[PDB]
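# Examining the three-dimensional arrangement
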Amino acid sequence: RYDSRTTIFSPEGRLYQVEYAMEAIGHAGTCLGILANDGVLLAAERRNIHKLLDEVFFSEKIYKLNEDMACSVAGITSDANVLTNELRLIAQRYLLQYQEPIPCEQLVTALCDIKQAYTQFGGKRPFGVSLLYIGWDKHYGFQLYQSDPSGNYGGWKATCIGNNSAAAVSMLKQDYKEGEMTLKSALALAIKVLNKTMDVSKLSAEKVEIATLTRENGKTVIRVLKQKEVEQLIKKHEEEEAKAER
Amino acid sequence: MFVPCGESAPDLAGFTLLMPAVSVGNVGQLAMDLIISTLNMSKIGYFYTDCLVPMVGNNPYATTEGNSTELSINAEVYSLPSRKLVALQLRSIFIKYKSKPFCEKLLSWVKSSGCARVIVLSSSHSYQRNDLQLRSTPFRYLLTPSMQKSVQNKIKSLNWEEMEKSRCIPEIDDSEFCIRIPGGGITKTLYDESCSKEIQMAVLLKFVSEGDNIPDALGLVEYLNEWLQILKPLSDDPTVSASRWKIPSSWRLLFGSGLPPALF
Amino acid sequence: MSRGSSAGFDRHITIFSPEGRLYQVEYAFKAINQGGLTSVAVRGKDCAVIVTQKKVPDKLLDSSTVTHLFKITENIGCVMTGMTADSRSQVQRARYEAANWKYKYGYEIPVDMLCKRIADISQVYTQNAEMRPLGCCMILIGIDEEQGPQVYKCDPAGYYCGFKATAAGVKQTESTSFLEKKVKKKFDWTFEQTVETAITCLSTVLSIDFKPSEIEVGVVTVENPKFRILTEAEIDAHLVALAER
Amino acid sequence: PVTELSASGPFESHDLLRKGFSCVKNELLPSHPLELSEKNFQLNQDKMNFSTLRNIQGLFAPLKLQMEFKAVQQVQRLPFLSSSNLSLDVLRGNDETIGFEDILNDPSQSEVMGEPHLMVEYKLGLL
Amino acid sequence: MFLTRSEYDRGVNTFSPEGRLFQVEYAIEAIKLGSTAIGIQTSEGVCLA
Amino acid sequence: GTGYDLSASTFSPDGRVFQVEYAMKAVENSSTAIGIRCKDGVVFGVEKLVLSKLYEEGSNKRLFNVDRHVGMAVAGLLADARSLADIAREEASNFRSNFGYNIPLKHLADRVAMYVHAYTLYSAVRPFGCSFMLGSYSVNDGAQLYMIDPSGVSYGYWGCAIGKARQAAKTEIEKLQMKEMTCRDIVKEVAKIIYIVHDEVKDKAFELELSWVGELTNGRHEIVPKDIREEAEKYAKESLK
Amino acid sequence: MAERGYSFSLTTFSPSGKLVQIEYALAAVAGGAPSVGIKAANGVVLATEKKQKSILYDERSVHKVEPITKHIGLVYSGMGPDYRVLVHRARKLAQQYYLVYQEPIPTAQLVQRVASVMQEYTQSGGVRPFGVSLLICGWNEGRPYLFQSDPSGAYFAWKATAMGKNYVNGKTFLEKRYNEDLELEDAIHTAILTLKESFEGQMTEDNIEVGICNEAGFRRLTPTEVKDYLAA
Amino acid sequence: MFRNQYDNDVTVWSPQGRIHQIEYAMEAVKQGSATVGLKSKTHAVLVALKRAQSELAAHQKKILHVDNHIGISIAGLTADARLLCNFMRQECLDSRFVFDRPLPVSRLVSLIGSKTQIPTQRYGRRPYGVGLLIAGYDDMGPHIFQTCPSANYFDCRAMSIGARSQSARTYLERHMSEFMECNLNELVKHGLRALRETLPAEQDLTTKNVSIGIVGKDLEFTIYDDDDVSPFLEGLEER
Amino acid sequence: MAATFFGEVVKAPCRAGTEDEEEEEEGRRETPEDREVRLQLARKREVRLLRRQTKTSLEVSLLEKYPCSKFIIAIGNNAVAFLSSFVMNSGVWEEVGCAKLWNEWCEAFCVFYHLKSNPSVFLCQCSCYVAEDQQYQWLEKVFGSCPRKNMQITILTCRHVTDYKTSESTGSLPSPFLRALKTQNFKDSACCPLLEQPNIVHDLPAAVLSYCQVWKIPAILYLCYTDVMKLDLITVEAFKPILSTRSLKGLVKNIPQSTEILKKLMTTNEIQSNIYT
Amino acid sequence: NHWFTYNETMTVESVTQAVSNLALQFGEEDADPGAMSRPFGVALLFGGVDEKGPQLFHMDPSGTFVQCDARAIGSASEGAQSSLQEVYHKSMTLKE
């Protein structure tokens, strides 16, 4: 009736501990994913922005899982480390058995089965991690999935997780054009949204990391944009907002 | 409501009402037994309400065979007009959704009957004591804003510790502060309603757990006796302590009944 | 008792308090004082001495069975302070772990490695919800090979450390101050001077002039590395030699 | 010739798709002399240690070791994810030795792992 | 003295101070939510309705 | 120590495990057993309480034979005492099987006491609510008397009393110069002490349960023979008045 | 302070998503003895304050600055036994990496594996988090590394940091005095000064511990070397 | 009142040094129906009162057969009685298999004592809520044993357990001086009169509510029920 | 609550009922989804006096529409059986209402009879188990708010001997035994020892005795402390001393036929379940 | 299983006893995992014909069975049992 365990339903059928697990992400940094006609992207807010923090691994939030997929976590960081390790393992196990790269939804489904197992057996805290997956496979092409602590995934054409995900989702839903998106327009929309939802500070190409996925000559190219390109995108947005004002 | 024993109200003109709360360990109720027994107070009425599970038994303060057969119900009022003291003793547990109605009925009686002060003897959960409260004294107090009739200075001179104000709703960094006596039962309801009604209430409590809670009751009556002097002040005697609160005869077989044979 | 964790900041071993303190471990440290006995261990130039109170409050009790000095290996002895059964069980565990070390590594366990092993086990007790710390303190002595005398003190939290002199029990703080004052002056006590130091610490912080039957003394020496427990005649000789001076 | 066909009662049921390829014909004579010696090595080492503790010290010693082992192995990770056995190694004494189980055929990267719920409820004895 | 809450029925394996296990009698109450079944044993057979 | 006393794995704010203390009080729940060690043996005696006249004499015995040379006198819960008798018998038999000779009494006491302690450690089991005494005799070891209590603490005694009236019986044992007495005079004095501390009104109609191991039994634990027990009971009665 | 039992369980989120038993384990770290890590241009410095501060301690016995391999070293602030159990595990993990790949483990790989162990301990129930936050200093690929792993199992790469008591003031001090081009010697001076900030009286070479990591590998400074650094 | 924290589990010692779930299990024994056991020099008989809701049901099976020389009468929870009876039967089979001889009654009862002592110390268990009256015959003669939920067992000259069994025990204490030289017929009559003493003054023993089980020097354990008890009940003088 | 998994944090029982928080953090924004549920649950568990051939809406308290001079309440199986066998075996008794109430443990509700020869005499026959939050409603539906002090209430009930608090064992006491508890206006002495001082009674019998104490009505409560709380012949016979008391003076005509009625009513015997023997 | 092993039909009481052995194994969960952990909330009425003619058995949430001659189980078992009390006589035809 109450909310002390994951293995207890309230008398209206609510699993309150899972709902609290899902409440931990709303604190975490804003991760944004946008699907285009020629690629996918992940725009993530650099939450750890202290002065004495070191220049780190190629990305704080963006993780490579295959040759073909990348993820972008939001939530508890240690749970996220465990989960990305297991994602990479699952993908290499599929490749070992079938000699083909794992399709994107099968990887998402496997991880979400793991997360649901932690929301079902008692005496195990669920994973306070909401992931955001981008990939390519020969079945459905460019794909973008989302996952939440309950092991509950879904495929999107543009979604956001983390802090201010609702304002970002409203803005995407207003501005995302289905079918007429290219990767440059998706990057413009990503900067615009990730600007209006990071209103604790002014957007600069040191609090955002952007990774794009494309296909070039029969190979997938997961590429994390360099700091000198995100600045050019931010300038393009600022000049656009100046023009649209007056 | 208050029902007298003799078709006449006893005129509690400026009396101090001592009452328990049905709190963790029954420490408030056990302390009230100690006070009523030691002061040798005489029953003056009943507090008949819908709010406490009904119970009945003969005189819990029997001393002679004459008065050992006096029936008692779950809520009974005792008095000592020499010291202008009136005492309530709740001997039961509250019925679901009925604690608040009892609190408004009781406080309406306090305002109508003319009682000056109210003193609530209570307790709280000691498993919820934080870092500091573990290394402090078990006893805490609360005074409603009206209760200032030169007793704020007295309590200050006694070097007592006020009940710590927790934040009304957690998870908010602003943390608006209001009292929270977890396991005090009606203690918080009584405090809030006294503050609303402008009644001089004091709450004295101890952080206790459950089990043999007779040491806790004796400690709480010694706290109250530091304040009120309802008894000769503590370590002033040739250690005639342990003989200075009269244990009621009903405090017998407190762990149940006798040991069955063929075990041990 | 069956199972579960008691709710409260000081009522289960695996609960932190708001200040990040494990209070059940500190309550185990208070359990060390359950017994009312103090132990002194003093390290010298070529010897280590453990000295403990021997209270036998019973005419009917066979006094040769009351002892807190134990032999872990042939060359390591310890004085246990705290709850008596917990002390004897931790001695049994130390004995087993020392035998395993000799089995695995082909040479006899050092003192630091034995206290490290016992403290690793104690840490495991503090982290899990089924077990509890032992309310006891182990002070180990031995002669190593090339370091010299060793006095080590494991404790209920899983902490261990080597010392030049240490105390456990009721008068641990008073004895520690006494030994600090003694060690600041000079430290190369021969063998007699270490025994006099340990006995004087115990008999000063307790303000008790000792009898050979109110005190236990176990020693190791560089020339005689084997743990030895002095007979009452030897302790009485030390006490009369201390009194005459 | 193993006898033992519980065949009095060979009524047991198996999951055909999950049993894989089982050949009880050859499951009576290990494939190598070292197969079982290595499969059950921590088991046999625990049994040897409990036996020496029993014979030298008494019932209490193996009981306390088994009780500690049972306790630490129970605040663990659900079977479809690899655990560290940090406390169990500290208890068993493997916190400072590396064997061949530690470096060969790493359990942390299994190359094959089952379904989460199937592996959890197999550990629970439910099949 | 006082009336206090005593609960011996919220878990199996707990006898009440009366020698009585309440979680089994609550299962018999669970029977009383079923539908009525009548069985009569005669010498010509047994009927189940 | 309320709040810290529902588990044998909880420490009171002053380092006291209270379930173990309550188990020792559980031992104080039962009638008294005394054991006296003399110059040439050990003598046990139990103030055994007659539960009914319907029980066959000898039932509910509290003086076990743990080995050929060891005898055990118990108090506390009798089911716990029987389980610990089984454990002690297992320990003695296992030692003899491994090492080929009778287990020393000190070693047996250590093994059983460490079992009792192991129960004082976990939330999964409760401490034994039973205390007992072991007593042996060997030509190469002398008489030996040990008492283990529910906390797992075993010491060696010259005279012990466990049970309800352990304090009065201990006062009465201290008057005996047991270090220079034989088993016969000790049997008479054990009967006397059992009769003295018996509470004739609260408890009712007890029966003596005397046992020795000594050189008069050649290091073999036995029940005191019927005639010597009769003499001891007659001495004990005549001394009471 | 018992928020409806959200405070006492490790496996219960609070209604706001917090896990207020892993942040109580972070209050054990912030109540430990101060630690400092400074990643200079050619090395890392690990300075801590010793709790064994009296004359009666053998100082060849137990240390707070430990080596993992030749090139990795730890310091902690928090609960010492948890540190020791994690140190032996980190040493085992480093040797397993060597045995498999025939190369010394990188600092980041070691930090990841240790952090996974800590994370495991923050998710089961019936167990307790670790009361230590580690600083790992390493030297790989001609490049210093300074990491920090906290009781939750979430590690951070730092240029400079401070743990233990008075670490917010320590970090503020470090911000004003750290520059990337710092050499290892000036880093040792700055680390000793940052310790001297929050320190309980006179600071001797015998009540602080320093360990450096440069090209030559991780090394714990002897009391004479610390004495010399303190004299300047 | 101060008892509530210490009586919900069999692993909690009350600060008076009492396990209370053990005593509550003993009450569970008192909630059965009276059964009597008594022995002579040659026979050991078990007499039990059956309840059948007073109509339309075959009565409880209160006397059970454990071996050719051991039989038990139960009072208390039926599930526990069946668990313990399965244990007793398996132990008797094991004795016959390994040693070819009938398991001694005292050894069987000791095994029951250990088996039923384990639940009274362990977590997640409850004591056995059944008390037994074991009637045996071995090399040492007839035997009557009483086992309890507390895991105690008693060697009885005669014993009654169950609901309102104090009256039967008063009768047996009054008349036990003549049980030994009684033959089978009047020994079973003595047991029948005790069991009748456990009844209201109006109710009387009939074939429908009396079960008898004899073991003895020549007999194997036989149970007499519902019409076989008539030879024993015919000669029983009125109350 | 009791540790569903390993190391689950468990809170101890509270005998003062303060683990319910008394519905703390009241939530003045109670959803109508919640209020409908609360009111529906309150309606399900309501007490309701209803008259025969009227079947609903008695609308007034039962003792204030009919005059009364004697009122015998029997509570539980054994008290009801005793009262029926030994009192309704006489002249005609007329039913004047039941008290329908729903409960988890509720089981014939009190039917109220008033003697035709003497309309002032009344009987409540509860096998009805009235829960705590129904006892005061029962009191107001039966007695009301005009407590005329001419009545002589006589409550009869049974309790298990293990509820007796005694220094001996509650297995050595000679069950069943009768204990009394009378109010202050009950001038006559009891036919049984008065219940002791640490012993209390807490239920509908306590509700009626408390009502009669507060409002100064004579009342006697007879407690049978029995070792068999099912329908038992010895337990029912334990109440017989009461028959020689002024309240039950003219109502007991034929005792010899009452034993036969009692034996028959025992042969009815609501079926026991197989938990035992 | 009985037919396989012994080549004959299991009697009504033996089937009821086997079902009871399964049904009385609650509590004691950490002893044989896959056990039930609470009483079964079902009462059964085994009615069969065997070597001893027609037989009717009753099992309730206890794992315990008793042979009967007329049982009612369910929500109106008290009223239906009181009715079976008189309408039943030990020699009545199956049609009645």
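Counting starts from 1 on each chain and follows the sequence as written, independent of the entry's numbering; residues without coordinates are not shown. Labels follow written order: the first chain is A, the first ligand is 1, and so on. These chains belong to a larger assembly; the numbers reported describe only the chains shown. Side-chain measures here rest on the full set of heavy atoms in the structure, leaving out hydrogens and waters. Residues with missing side-chain atoms are left out of burial classes, side-chain pairs and their counts.

Looking up chain J in the PDB entry gives the name Proteasome subunit alpha type-5, with the organism given as Homo sapiens. Within the Protein Data Bank, this record goes by the title "Cryo-EM structure of human proteasome assembly intermediate half-proteasome".

Counted only if it meets this: UniProt positions are given in the numbering used here, feature names are shortened, and annotations may be inferred rather than shown by experiment.
For chain D, the name recorded in the PDB entry is Proteasome maturation protein, with Homo sapiens as its organism. Looking at chain D in UniProt, the text filed under Function is "Molecular chaperone essential for the assembly of standard proteasomes and immunoproteasomes. Degraded after completion of proteasome maturation. Mediates the association of 20S preproteasome with the endoplasmic reticulum." Looking at the Subunit heading of the UniProt record, one finds this comment for chain D: "Constituent of preproteasomes, but not of mature 20S proteasomes. Within the preproteasome, may directly interact with PSMB1/beta6, PSMB4/beta7, PSMB5/beta5, PSMB6/beta1 and PSMB9/beta1i. Interaction with PSMB8/beta5i has been observed in PubMed:10973495, but not in PubMed:10926487. Forms tetramers."

### Let's talk about the packing of helix α2 (residues 99-113) of chain B against helix α5 (residues 187-197) of chain B
All names here are of chain B. Put simply, the rule reads: Helix axes are fitted only over the stretch in contact, all axes being lines through C-alpha atoms; the angle between N-to-C directions runs from 0 to 180 degrees. Helix and strand definitions here come from DSSP, where helices need a minimum of 4 consecutive H or I residues and strands a minimum of 2 consecutive E residues; each element is numbered from the N-terminal end. The cut-offs work like this: below 35 degrees is roughly parallel, past 145 is roughly antiparallel, 65 to 115 is roughly perpendicular, and the gaps in between are oblique. Whether a crossing is left-handed or right-handed is set by the direction in which the near helix is turned from the far one by less than a right angle, anticlockwise for left-handed and clockwise for right-handed. Contacts between residues were defined by any pair of non-hydrogen atoms, one from each residue, lying within 4.5 Å. Any residue that is not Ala, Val, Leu, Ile, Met, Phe, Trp, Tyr, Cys, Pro, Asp, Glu, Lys or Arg is counted as polar, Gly included; the first ten are nonpolar and the last four charged.
Relative to each other, α2 and α5 sit at 45°, their axes nearing to 10 Å. The angle between α2 and α5 falls in the class oblique. As α2 runs across α5, the sense of the crossing is right-handed. Along its contact with α2, which presents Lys 100, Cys 103, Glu 104, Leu 106, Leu 107 and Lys 111, the element α5 presents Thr 189, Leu 190, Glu 193, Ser 194 and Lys 197. The class makeup of the residues in the contact of α2 with α5 is 4 nonpolar, 2 polar and 5 charged.

### Section: empty space enclosed by the protein
Spelled out, the test is: A 1.4 Å probe that fits into a set of points on a 1 Å grid over the protein atoms alone but cannot get out defines a cavity; an open set with protein on both sides within 12 Å along at least five of seven lines defines a pocket, and lining residues are those with an atom within 4 Å of a point. Grid points are joined across faces, edges and corners, and a volume is the space filled by probe spheres set on the points.
Approximately 270 Å³ is the volume attributed to the largest cavity. Around the largest cavity, the lining is made up of 21 residues, and of these C:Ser89, C:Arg93, C:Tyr125, D:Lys64 and D:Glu68 lie nearest the centre. Contributing elements (two or more residues each) for the lining of the largest cavity: α2 (84-105) and α3 (111-127) of chain C together with α4 (60-72) of chain D. The residue inventory of the lining of the largest cavity, partitioned by class, reads 12 nonpolar, 5 polar and 4 charged.

### Let's talk about the arrangement of the chains
Among the 27 pairs of chains that make contact, the interface with the largest number of contacts is formed by chains B and I. The two partners chain F and chain I share no contact, and the minimum distance between any of their C-alpha atoms is 9 Å.

### A word on the pattern of salt bridges
What counts is decided by this rule: Within this document, salt bridges are pairs made up of a side-chain nitrogen of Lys or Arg and a carboxyl oxygen of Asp or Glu, the two lying within 4 Å of each other.
Under the defined criterion, the tally for this structure stands at 90 salt bridges over all chains. Residue B:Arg91 pairs with B:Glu76 through a salt bridge whose shortest N-O separation is 2.6 Å. Highlighted residues: B:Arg91 in the loop between β7 (85-90) and α2 and B:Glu76 in strand β6 (residues 75-80), separated in sequence by 15 residues. Via salt bridges that share partners, D:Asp89, D:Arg92, D:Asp102, G:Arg89 and G:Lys92 belong to a single interconnected network.

### What about the nonpolar core?
Selection rule: Note on terminology: a nonpolar core comprises buried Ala, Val, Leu, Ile, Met, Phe, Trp, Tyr and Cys residues joined through side-chain atoms within 4.5 Å. Only protein chains enter the area calculation, which uses a 1.4 Å probe; residues under 20% of their type maximum are buried, those over 50% are exposed, and those in between are partly exposed.
Core analysis: the biggest nonpolar cluster contains 118 residues, and F:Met72 and F:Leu134 have the highest contact counts within it. Here this core takes 10 residues from helix α3 (residues 105-119) of chain F, the largest share from any one element. Judged by nonpolar contacts, the second largest core, of 111 residues, contains B:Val24, H:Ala34, H:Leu38 and H:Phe221.

### Here's the deal with a negative patch on the surface
Residues and elements named next belong to chain A. The test is simple: Patch membership needs two things, relative accessible area over 30% and no salt bridge, and members are linked within 9 Å if like-charged or within 5 Å if nonpolar (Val, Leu, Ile, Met, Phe, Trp, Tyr). Residue exposure ignores everything except the shown protein chains as possible cover, and the areas themselves are Shrake-Rupley values with a 1.4 Å probe. Positive charges are assigned to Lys and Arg, negative charges to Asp and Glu, while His and the chain termini are left out of the count. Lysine's charge is taken at NZ, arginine's at CZ, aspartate's at CG and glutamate's at CD.
A cluster of like negative charges, contributed by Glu 238, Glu 239, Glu 240, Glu 241 and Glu 245, occupies part of the molecular surface. Along the chain, the position of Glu 239 falls in helix α6 (residues 227-245). For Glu 239, a relative accessible area of 53% translates into the label exposed.

### Digging into the sheet that holds strand β1 (residues 44-50) of chain J
Residue and element names in this part refer to chain J. The test is simple: Two strands are said to pair when DSSP picks up at least two bridges between them.
Within the open sheet, the 3 strands sit side by side as β1-β2-β3. Their pairing is antiparallel. Single-partner strands in this sheet number two, and they are β1 and β3 (64-68). Across the sheet, the axes of successive neighbouring strands diverge by a mean angle of 30°, strand direction being ignored. Both strand β2 (residues 53-60) and β3 contribute to a ladder of 5 bridges, which runs antiparallel. Bridging from a neighbouring strand, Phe 57 pairs with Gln 67 of β3.

### Quick notes on the sheet that holds strand β10 (residues 158-161) of chain A
Residue and element names in this part refer to chain A. With antiparallel pairing, the 5 strands of this open sheet are ordered in space as β10-β1-β2-β11-β12. Each end of this open sheet is capped by a strand with a single partner; those strands are β10 and β12 (219-224). Across this sheet, the average inter-strand angle for adjacent strands is 10°, counted without regard to direction. Where strand β1 (residues 31-35) lies against β10, 4 bridges are found, and the strand directions are antiparallel. Paired with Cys 31 across the bridge in β10 is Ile 161. This element, helix α5 (residues 183-196), spans β1, β2 (40-45) and β11 (208-216) of the sheet and lies at about 20° to β2.

### Notes on the state of the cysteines
To keep things clear, this is the line we draw: The disulfide criterion is simple: two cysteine sulfur atoms within 2.5 Å.
Counted under the stated rule, the structure contains 5 disulfides over all chains. Across the disulfide from C:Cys115 sits C:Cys154; the S-S distance is 2.0 Å. One end of the pair, C:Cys115, is in helix α3; the other, C:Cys154, is in strand β7 (residues 149-154), with 39 residues separating them in the sequence. C:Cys154 gets classed as buried once you look at its relative accessible area, which sits at 1%. Two residues, I:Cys110 and I:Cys126, share a disulfide whose sulfurs are 2.1 Å apart.

### Things to note about a nonpolar patch on the surface
Residues and elements named next belong to chain D. A cluster of nonpolar residues, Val 2, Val 24, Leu 28 and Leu 29, forms a patch on the protein surface that exposes about 390 Å² of accessible area. Tracing the backbone through its elements, the reader meets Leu 29 in the loop between α1 (16-19) and α2 (35-39). You can call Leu 29 exposed: its relative accessible area is 69%.

### With respect to the packing of aromatic side chains
All names here are of chain I. In plain terms, the rule: For this analysis, a ring pair means two rings from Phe, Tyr or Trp (six-membered ring only for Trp) whose centres lie within 6.5 Å, classed as stacked if their planes differ by under 30 degrees, edge-to-face if by over 60, and tilted for the remaining angles.
Scanning all chains against the criterion turns up 61 aromatic pairs over all chains. Measuring from centroid to centroid gives 6.3 Å for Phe 112 and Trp 138, while their planes differ by 35°, and the two rings are tilted. Taken together, the residues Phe 112 in strand β5 (residues 111-115) and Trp 138 in helix α4 (residues 132-142) connect sequence positions 26 residues apart. Considered together, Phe 112 and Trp 138 belong to a single accessibility category, that of buried residues.

### Things to note about the interface of chain H and chain I
Tallying the contact residues gives 23 residues for chain H and 26 residues for chain I. Listed by contribution, the elements that provide at least two residues to the side of chain H that touches chain I are α1 (20-30) and β4 (70-76) of chain H. Per element, the largest residue contribution to the side of chain H that touches chain I is 3 residues, and it comes from β4(H). Broken down by class, the residue content of the side of chain H that touches chain I amounts to 7 nonpolar, 11 polar and 5 charged.

### Some words on the environment of G:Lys171
Relative to the helices and strands, G:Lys171 is located in helix α4 (residues 167-177). With 23 residues separating them along the chain, G:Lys171 and G:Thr194 place their C-alpha atoms 8.5 Å apart. Those residues in contact with G:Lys171, other than ones at most four positions away along the chain, are A:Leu52, G:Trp158, G:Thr161 and G:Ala162.

### Comments concerning the interface of chain B and chain I
Often, the extent of an interface is quoted as the loss of accessible area on bringing the components together. The following threshold applies: Contacts described as polar in this section are N or O atom pairs within 3.5 Å, which, within protein, must combine one atom able to donate a hydrogen with one able to accept it, while residues neighboring in sequence count only if both atoms come from side chains.
Listed as interface residues are 52 residues of chain B and, on the opposing side, 46 residues of chain I. The interface formed by chain B and chain I includes 3 salt bridges. Counting the contacts that link chain B with chain I gives 19 residue pairs in polar contact. Taken together, the elements giving at least two residues each to the side of chain B that touches chain I come down to β1 (2-4), β4 (56-57) and α2 of chain B. Considered class by class, the residues forming the side of chain B that touches chain I number 25 nonpolar, 21 polar and 6 charged.

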